[PDB]
Amino acid sequence: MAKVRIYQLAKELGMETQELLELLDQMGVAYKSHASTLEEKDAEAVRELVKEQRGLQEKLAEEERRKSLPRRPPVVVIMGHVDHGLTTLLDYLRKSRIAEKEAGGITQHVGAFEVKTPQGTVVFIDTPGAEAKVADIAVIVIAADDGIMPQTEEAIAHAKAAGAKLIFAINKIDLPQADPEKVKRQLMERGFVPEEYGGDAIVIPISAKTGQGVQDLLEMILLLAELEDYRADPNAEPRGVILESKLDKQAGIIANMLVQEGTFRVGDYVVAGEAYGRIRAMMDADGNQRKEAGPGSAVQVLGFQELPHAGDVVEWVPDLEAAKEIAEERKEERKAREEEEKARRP
Ligand SMILES: [Mg+2]
């Protein structure tokens, strides 16, 4: 401190000579060389300025990082004619992760399940949809033998309405009457031109029965997820969607929720449409109790006081009172629109 030479102060602060000499020029402190002695008040000023500038750097670098949100996994729904092997595909995907279980032990149905690959994790909504936005991607399954049917065209229209990206999966490619070329013509008739022919429709041959092609579907999902670059903020206000709800004799009202933003925690108050409660417990697809559920997580939630509806947005609220006010304001507004039916003009 009193008195320090510039090369000594540099060592102490971990700076290179020329950096400290630059700083002193910025401060207007004259010196002959790095061997010169500094007045105590100059050295002190240097120490303060360097501390601050380093504070500031760090603040800045933190900000740059914090504003880059982590990846969230792609959410996928499987759709198409119920006879075209949807459940066989879902089942196949559910098994490629119980290889030869732990185990075990243990599994729960919580509305969605995860498929892990070296390239990343995919979230599949459980039970195909006939049927808020839930899925990023809809896989439209079409049997090679049967071709595009009315259920197929409804699945396509619902997926498009919901804003999902389509992947066409032509299944049963090993039946003797399998005709994928016919399916592709049917697709092109409908404005879906396969990439093969220079169009934008993604078309993938699979067999849900043997699993042939299934790894290519997963790779394609993950590639699209990399390009769309799906991300979410785990510290935003928690937001989810109800996938389904039911009564348990033993447990009471249960609901499956998929988390989209923020992180829900046990003890949080939530409102979903007109239903509300305090999260008493959350259980994931492995049957584990979780204290927290962040983006992409599907969990069974205990604590709702009435059955929430499928597709309703789950919102964090600060307290019980807020939860009751929000749910109630929605209830009396619904009655209002309904009362705009009983009166005039039925
Ligand atoms: Mg809501």
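Residues numbered from 1 in each chain as written, not as in the entry; some residues may be left out. Heavy atoms only, no water. Residues with missing side-chain atoms left out of burial classes, pairs and counts.

- Going by the header, the method for this PDB entry is X-ray crystallography, and the resolution given is 1.937 Å.

1. Points about the environment of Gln-212
Point 1. When you line up the elements, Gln-212 lands in the loop between β8 (203-205) and α7 (214-228).
Point 2. Classification of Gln-212 by relative accessible area gives partly exposed; the value is 42%.
Point 3. Separated by 39 residues in the primary sequence, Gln-212 and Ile-173 have C-alpha atoms spaced 9.0 Å apart.
Point 4. For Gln-212, the residues in contact, after removing those within four places along its chain, are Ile-173, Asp-174, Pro-205, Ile-206 and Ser-207. (Helix = DSSP H or I, 4+ residues; strand = E, 2+ residues; numbered from the N terminus. Buried < 20%, exposed > 50% of the residue type's maximum accessible area, 1.4 Å probe, protein only. Contact = heavy atoms within 4.5 Å.)

2. As for the packing of aromatic side chains
Point 1. Applying the stated criterion to the full structure yields two aromatic pairs.
Point 2. Between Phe-113 and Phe-124, the ring centres sit 5.7 Å apart and the planes meet at 25°, which makes this aromatic pair stacked. With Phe-113 in strand β4 (residues 112-117) and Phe-124 in strand β5 (residues 120-125), the pair connects residues that are eleven residues apart, well separated along the chain. Residue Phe-113 shares its accessibility class with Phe-124, and that shared class is buried. (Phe/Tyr/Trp six-rings, centres within 6.5 Å; stacked < 30°, edge-to-face > 60°.)

3. Focus on α7
Point 1. Counted at 1.5 Å a residue, the expected span for α7 with its 15 residues is 21 Å, and the 21 Å between its end C-alpha atoms agrees.
Point 2. Turning to α7, its buried residues are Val-214, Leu-217, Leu-218, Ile-221, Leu-222, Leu-224 and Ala-225. For α7, the angular spread of the buried residues around the axis is 160°, confining them to a single face. Counted as exposed and oriented over 90 degrees from the buried face of α7: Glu-226 and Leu-227.
Point 3. Within two residues after α7, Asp-229 carries a phi angle of roughly 60°, on the positive side. (Expected span 1.5 Å × (residues − 1). Arc of directions from axis to C-beta.)

4. Focus on the sheet that holds strand β6 (residues 137-143)
Point 1. Strand order in the open sheet made by the six strands is β4-β5-β3-β6-β7-β8, with mixed pairing throughout. Single-partner strands in this sheet number two, and they are β4 and β8. Shown here is a sheet whose adjacent strand axes are inclined to one another by a mean of 30°, direction ignored.
Point 2. In this sheet, β8 lies alongside strand β7 (residues 165-171) in parallel orientation, the contact comprising three bridges. Each bridged residue has a counterpart across the sheet, and for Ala-169 the counterpart in β8 is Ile-204.
Point 3. Running over the sheet, helix α6 (residues 180-189) touches β6, β7 and β8 and is turned about 150° from β7.
Point 4. α7 contacts β3 (75-80), β4, β5, β6, β7 and β8 of the sheet and is inclined by roughly 105° relative to β5. (Pairing = 2+ DSSP bridges. Axes fitted to C-alpha atoms, helices over the stretch in contact; angles between N-to-C directions.)

5. Regarding the sheet that holds strand β12 (residues 269-272)
Point 1. Read around the closed barrel, six strands run β9-β10-β15-β13-β12-β16, paired in antiparallel fashion. If you compare each strand with its neighbour and ignore which way they point, the axes differ by 45° on average.
Point 2. Direction of pairing for strand β9 (residues 239-248) relative to strand β10 (residues 252-261): antiparallel, over a ladder of nine bridges. Note on β10: the bridge partner recorded for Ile-242 is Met-257.
Point 3. Sitting on the sheet, helix α8 (residues 320-342) is in contact with β12, β13 (275-283) and β16 (313-317), with an inclination near 10° to β12.

6. Some remarks on a negative patch on the surface
Point 1. Among the surface-exposed residues, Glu-325, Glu-328, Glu-329, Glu-332 and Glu-333 lie close enough to one another that they form a single negatively charged patch.
Point 2. Classification of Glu-329 by relative accessible area gives partly exposed; the value is 44%. (Patch = residues over 30% accessible without salt bridge, like charges linked within 9 Å, V, L, I, M, F, W, Y side chains within 5 Å. Areas by Shrake-Rupley, 256 points an atom, 1.4 Å probe, with all protein chains shown as cover. Salt bridge = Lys/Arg side-chain N within 4 Å of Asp/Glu carboxyl O. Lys, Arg positive; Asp, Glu negative; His and termini not counted. Charge placed at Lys NZ, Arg CZ, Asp CG, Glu CD.)

7. Remarks on the side chain of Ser-297
Point 1. You can see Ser-297 is positioned in the loop between β14 (292-293) and β15 (298-304).
Point 2. The class of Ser-297 is buried, set by a relative accessible area of 17%.
Point 3. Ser-297 has contacts with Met-257, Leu-258 and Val-259, leaving out every residue within four places of it along the chain.

8. Looking at the pattern of salt bridges
Point 1. Within the structure shown, the criterion is met by 23 salt bridges.
Point 2. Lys-51 is paired through a salt bridge with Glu-48; the nearest N and O atoms lie 2.9 Å apart. Residue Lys-51 and its partner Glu-48 are located together in helix α3 (residues 40-66), separated by three residues, close to a single helical turn.
Point 3. By relative accessible area, which is 54% here, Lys-51 ends up exposed.
Point 4. For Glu-48, a relative accessible area of 40% gives the class partly exposed.
Point 5. The partner of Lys-67 in a salt bridge is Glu-64, with the nearest N and O atoms 3.4 Å apart.

9. Here we look at unusual backbone geometry
Point 1. Geometrically, the link from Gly-104 to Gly-105 is a cis peptide bond, its omega value of 0° lying close to zero.
Point 2. Following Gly-105, the chain continues to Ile-106 via a peptide bond in cis, the omega torsion being -10°.
Point 3. The topology assignment puts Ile-106 in the loop between α4 (86-95) and β4.
Point 4. If you check the backbone angles, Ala-103 has positive phi at about 115° while not being a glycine.
Point 5. Of note, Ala-103 is situated in the loop between α4 and β4.
Point 6. Non-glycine residue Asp-229 carries a positive phi angle of around 60°.

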